[PDB]
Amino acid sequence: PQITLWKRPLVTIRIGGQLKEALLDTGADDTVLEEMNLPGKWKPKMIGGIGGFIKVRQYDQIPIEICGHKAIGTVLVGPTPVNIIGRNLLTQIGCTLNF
């Protein structure tokens, strides 16, 4: 599909058996999800943006389906206000910017 940017580019994703709305975010290196109790091992991480840093839990090799396009990779879970699909998964679904 083509998604214009008049509004926030929110799409449906599925992770850990939950459907969620997430921002397709070219400015995000990593994927950051709102607090959710995922099973598995994780590693602590700090990530920075506007306002400073938040603490997140890094989970690896997590399957994520984004608008019916399958992906699998690292997901960071923490107190973000919005679910953010970052470049680590955007590349996997063949997402590009075009103008």
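Only the largest set of C-alpha atoms that superpose within 1.5 Å between the two forms is called the rigid core. Residue numbers here begin at 1 and follow the sequence given.
Put simply, when the other structures in 9 other deposited structures of this protein are lined up on the rigid core, the C-alpha atoms of 10-18 lie farther off than those of the other stretch, from 84-92 and 10-18. The mean Cα B-factor in the deposited entry runs higher for 62-70 than for the other of 48-56 and 62-70. The mean C-alpha temperature factor is higher for 88-96 when 4-12 and 88-96 are set side by side. Per the PDB record, residue ranking by Cα B-factor puts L24 in the lowest third of the chain.
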